[PDB]
Ligand SMILES: *CC(=O)N[C@@H]1O[C@H](CO)[C@@H](O[C@@H]2O[C@H](CO[C@H]3OC[C@@H](O)[C@H](O)[C@H]3O)[C@@H](O[C@@H]3O[C@H](CO[C@H]4OC[C@@H](O)[C@H](O)[C@H]4O)[C@@H](O[C@@H]4O[C@H](CO)[C@@H](O)[C@H](O)[C@H]4O)[C@H](O)[C@H]3O)[C@H](O)[C@H]2O)[C@H](O)[C@H]1O
Ligand SMILES: [Cl-]
């Protein structure tokens with residue numbers, strides 16, 4: 001009894017609008033966009049440069065060709081730390097954003113993101129019990145408040161849990177079972193809702209190596225797995241050279257440099273992507289289990305000038321088309337990581353301030369890849 005029970009209005013199981021299995025639900029989704037740096041921002045929905053999610057944004061997203069949004073959400077900072085009660089106002093706000101995305105005929109995946117680290121950086125036997133308790137209390141509140149949405153709303157229990165060995169993986173399995181049991185306990189449409197479970201560090205290789213099983217579920221065929229993809233780091237996100245490796249400015253057959261050769265990839269090209277996706281195809285998809293590719297993007301390097309710029313941008317685009325297409329070919333649901341930035345080292349494909357397209361190049365790539 002570290003915190004009180006938040007499962008206070010359990011409802012009869014309700015199969016209405018909840019007719020699809022994870023596999024069927026997955027058939028409906030081919031392209032996803034993260035509302036990145038927004039509802040998960042530390043300090044508030046607008047503390048990381050993005051405006052509050054508006055219907056206009058969600059209408060643009062649907063209209064641009066996305067079927068789904070992944071909505072990272074911060075929770076801990078809105079919560080009474082003694083009782084783990086989440087502000088009702090935050091809860092209403094997350095509900096309201098869910099309602100609007102569902103008004104726009106988008107599928108929606110809400111998580112508890114990094115959220116300041118309380119779970120994500122503490123996949124550890126010392127923290128296991130208090131974190132299991134907090135997981136339970138928060139998921140009880142989130143699931144109850146969102147209980148009435150149809151199958152357009154999926155839940156994801158964690159973001160990127162830092163488990164790098166089998167001991168930490170056993171703690172993660174517990175954190176995931178707690179999530180599943182929380183949500184199911186609230187009843188209603190939550191008795192059948194599709195839930196998404198995260199691999200260790202959402203890393204394909206560590207998931208293949210460490211993952212053992214899915215949490216136990218009272219529902220039949222309502223679970224998906226999730227990985228992320230930022231491979232190779234040197235291209236997608238590296239902003240400075242280190243002793244151990246240099247930033248890649250270019251990527252893809254066709255788009256490599258002959259002037260500035262050390263800025264080409266030494267790894268993480270087309271074959272590696274295909275290989276990593278095949279691990280996820282054989283461990284999960286062939287076994288009956290869709291895989292959410294919850295985040296991928298290669299950041300823009302607008303600090304390049306002239307011919308270097310022009311070439312980086314061509315490979316960047318292709319990287320995104322290639323990832324999308326190769327994931328879809330193997331039953332991974334690709335969700336683009338959009339942090340809303342339109343500046344250097346950012347990933348925003350929309351201009352959130354004007355509800356317009358900022359990077360038509362990357363959007364067409366994603367679409368043609370879809
Ligand atoms: C493995 C995996 O899948 N990881 C995922 O990685 C992606 C890619 O990194 C993550 O998204 C990134 O999140 C960080 C926040 O990071 C926290 O949560 C993720 C944790 O893993 C990490 O340990 C945590 O620190 C985002 O960084 C934050 O960005 C905001 C906004 O401003 C920046 O980004 C937009 C650009 O346009 C802009 O140029 C750049 O500054 C920062 O907020 C600003 O901070 C300044 C500094 O004081 C302040 O002036 C200003 O008013 C604020 O707006 C914040 O400082 C910074 O932490 C990153 O953008 C995002 O891509 C994903 O969450 C993982 O799941
Ligand atoms: Cl349908």
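Note that we place each Cβ from the backbone using ideal geometry, even for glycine, and neighbour counts take in every protein chain shown. Any read-out appearing in this document is the output of simple, stated calculations on the displayed coordinates, not a laboratory observation.
Got a sec? How would 318, 233, 6 order by Cβ neighbour count within 10 Å, fewest to most? Kindly include the intermediate steps, with their values, before the conclusion.
On the way: 318 20, 233 13, 6 23.
Ordered by Cβ neighbours within 10 Å, fewest first: 233, 318, 6.
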Spin-label model distance (nm) - residue 164 vs residue 2, 7 Å beyond Cα toward Cβ: 2.4 nm
Counting other C-beta atoms within 10 Å, which of 75, 114, 244 has the fewest, and how do the rest follow? 244, 114, 75
Report the percentage of all Cα-Cα pairs in the stretch 27-147 whose separation exceeds 26 Å, rounded to a whole percent. 23 percent
Across 5 Å bins from 0, what is the distribution of all Cα-Cα pair distances for the stretch 265-370, in whole percents? 2, 12, 20, 22, 18, 13, 7, 4, 1, 0
Short version: what are the Cα gyration tensor semi-axes of the chain, square root of 5 times each eigenvalue, largest first, in whole Å? 34, 22, 20
Using 10 Å bins from zero, what percent of all Cα-Cα pairs in the stretch 102-247 falls into each bin? 11, 38, 32, 14, 4, 0
With everything on Cα atoms, drop me the angle between helix 166-185 and the longest principal axis of the chain, reported from 0 to 90° to the nearest 10. 50 degrees
Report the antiparallel proportion of the DSSP beta bridges in the chain as a percent, rounded to a multiple of 5. 10 percent
Per-residue Cβ neighbour rank within 10 angstrom, fewest leading, 321, 28: 28, 321
Which shape class, rounded, prolate or oblate, goes with the stretch 107-153 when its Cα gyration tensor gives a ≥ b ≥ c as root eigenvalues, a/c under 1.5 marks rounded, and past that a/b bigger than b/c marks prolate? prolate
For the chain, what does the relative contact order come out to in percent, with C-alpha contacts under 8 Å and a separation of six or more? 19 percent
Taking only C-alpha pairs under 8 Å that are 6+ residues apart, what is the relative contact order of the stretch 119-211 in percent? 38 percent
Please give the FRET efficiency for residue 259 paired with residue 357, using the beta carbon to beta carbon distance and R0 = 35 Å, rounded to the nearest 0.05. 0.65
Sorted by mean Cβ packing within 10 Å, highest first, what order do the peptides 67-73, 355-361 take? 67-73, 355-361
Rg and Dmax [Cα atoms of the stretch 56-118; Å; Rg one decimal, Dmax integer]: 13.6, 44
Over the alpha-carbon set of the stretch 322-370, work out the extent along each principal axis and list the three values in angstrom, largest first. 35, 17, 16
So the angle from the long Cα axis of helix 306-329 to the longest Cα principal axis of the chain, reported in degrees to the nearest 10, equals 40 degrees
Mean shadow area (nm²) of the C-alpha convex hull around the stretch 202-347 is 9.9 nm²
